Amino acid sequence: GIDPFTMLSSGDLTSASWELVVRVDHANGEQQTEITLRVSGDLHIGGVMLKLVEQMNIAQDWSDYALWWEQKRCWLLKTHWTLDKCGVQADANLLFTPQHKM
């Protein structure tokens, strides 16, 4: 037997990797950067956050950066959670903007 449907664990691996467009909204209002990362869903938010910074590679202080979900109006602060766990997939637009610390 052995089926990939029974309550996970022996079902889904990571084959489902979809490209997510993240629009980087720079907190200075200088420019927006459209970065496309192909994620496997099992990628946790914190990892995506790091990849954005690496993609632009800009010499400015990202005092406090995170993801802004446009279609839900919410800040991704569940970095310990995955994309699939949060519920954010390629069907949604994702904005990367610094919450600019306190």
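In what follows, the structure referred to is the one given above.
Residues numbered from 1 in each chain as written, not as in the entry; some residues may be left out. Heavy atoms only, no water.

Let us now look at the packing of aromatic side chains. Tallying each qualifying case throughout the model produces 3 aromatic pairs. Ring geometry for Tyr-65 versus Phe-96: centroids 6.0 Å apart, planes at 55°, classification tilted. Here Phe-96 lies in strand β5 (residues 94–98) and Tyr-65 lies in strand β3 (residues 65–69), a separation of 31 residues in the sequence. Relative accessible area serves as the criterion here: at 28%, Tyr-65 is assigned to the partly exposed category. Put simply, the rings of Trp-62, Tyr-65 and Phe-96 pair up and form one aromatic cluster. Sitting over the face of the ring of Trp-81, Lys-85 holds its NZ or CZ atom 5.5 Å from the ring centroid. (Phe/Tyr/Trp six-rings, centres within 6.5 Å; stacked < 30°, edge-to-face > 60°. Helix = DSSP H or I, 4+ residues; strand = E, 2+ residues; numbered from the N terminus. Buried < 20%, exposed > 50% of the residue type's maximum accessible area, 1.4 Å probe, protein only. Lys NZ or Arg CZ within 6 Å of the ring centre and 35° of its normal.)

A sequence separation of 16 residues divides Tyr-65 from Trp-81, and the C-alpha atoms of the two residues are 16 Å apart. Dropping the residues within four chain positions of it, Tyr-65 is found in contact with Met-49, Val-53, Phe-96 and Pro-98. (Contact = heavy atoms within 4.5 Å.)

Residues of strand β2 (residues 32–39) alternate between two faces, with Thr-33, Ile-35, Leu-37 and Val-39 buried on one and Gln-32, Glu-34, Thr-36 and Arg-38 left unburied on the opposite face. One ladder, built from 8 bridges, connects strand β1 (residues 18–25) with β2; its direction is antiparallel. The residue of β2 that forms the bridge with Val-22 is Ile-35. In this structure, the hairpin formed by β1 and β2 is closed by a connection of 6 residues, where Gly-29 is found at a positive phi of approximately 70°. (Pairing = 2+ DSSP bridges.)

This paragraph deals with the pattern of salt bridges. Evaluation of the coordinates by the stated rule reveals 1 salt bridge. A salt bridge links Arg-23 to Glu-70, with the nearest nitrogen and oxygen atoms 2.6 Å apart. With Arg-23 in strand β1 and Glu-70 in the loop between β3 and β4 (74–76), the pair connects residues that are 47 residues apart, well separated along the chain. (Salt bridge = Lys/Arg side-chain N within 4 Å of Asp/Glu carboxyl O.)

The next subject is the environment of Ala-92. Examined against the element boundaries, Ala-92 turns out to sit in the loop between α2 (83–86) and β5. For the pair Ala-92 and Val-21, spaced 71 residues apart in the sequence, the C-alpha separation amounts to 9.0 Å. Setting aside residues no more than four positions away along its own chain, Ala-92 makes contact with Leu-20, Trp-69 and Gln-71.

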